[PDB]
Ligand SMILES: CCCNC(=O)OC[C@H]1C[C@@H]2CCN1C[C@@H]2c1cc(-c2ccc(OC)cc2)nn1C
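Take a look at this single chain, the form deposited without the named molecule, given in C-alpha cells.
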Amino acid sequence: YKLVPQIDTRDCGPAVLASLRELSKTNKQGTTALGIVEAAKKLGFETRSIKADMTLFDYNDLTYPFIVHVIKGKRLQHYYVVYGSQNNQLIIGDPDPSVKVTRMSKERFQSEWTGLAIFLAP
C-alpha cells in the first residue's frame, strides 16, 4: 500500500494523486475535485468520477485503488486513498503524516465521506 505523505497544509490533493502541485492548479485552499481530475488526465490516465454511497464497497468488481473526497473537521477539501475493504473496515491512506495508511471503520468513513469517488485506470 504505497502512499506518498503530504508536507504542506495544502498539498493533500497532489499527495493522494501520486500515491504535481501546479498540474492540478493546487493553490492555498488545497485542490478542487476538478483539479484532481484534470491533473490525472494529463498523466495518461482515464478518469471517471462518481457520486456514490456506502454500497460502493459491496461491489466485487470495484477497481482499487482510488481517491475519495472527505471532510475532516475543518479540512473541507481533504482526500484519502482507498486500497480495499476488509470485513466491515476500509484500508485508506491519509497524506496527513500522523495518519498515512490506516484501518478505518465504515461508519467513520461514512461520516467523513462526501460520496465523491475518483477512479483512474491507464
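If you superpose the two forms and keep the largest set of C-alpha atoms that fall within 1.5 Å, you have the rigid core. Shifts are known only where both forms have a C-alpha. Quick note: we count residues from 1 along the sequence shown, nothing fancier.
The modelled chain breaks after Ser19 and resumes at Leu20, leaving 10 or more residues of the deposited sequence without coordinates.
Look at the mean CA B-factor for 46-54 and for 60-68 in the entry; the higher one is 60-68.
When the mean C-alpha temperature factors of 112-120 and 4-12 are read from the deposited coordinates, 4-12 comes out higher. Placement of the Cα temperature factor of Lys74 within the chain: middle third of the modelled residues, per the deposited record. Per the PDB record, residue ranking by Cα B-factor puts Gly84 in the middle third of the chain.
Remark: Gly30 belongs to the highest third of its chain, ranked by C-alpha B-factor as recorded.
Same protein, other form: the form deposited with the named molecule bound, not shown, and the subject of what follows.
In the modelled overlay, the named molecule taken from its pose in the deposited complex makes no contact closer than 2.4 Å with any backbone or C-beta atom of this form, which marks the pocket as open. Checking 31-39, 83-91, 69-77, 56-64 against the named molecule in the deposited complex, the stretch whose residues place heavy atoms within 4.5 Å of it is 56-64. Contact annotation: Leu43 falls outside 4.5 Å of the named molecule in the deposited complex, judged by heavy atom distances.
Core-superposed comparison between the shown form and the other one: one run of at least three consecutive shared residues with Cα shifts of 2 Å or more is located, at 21-24.
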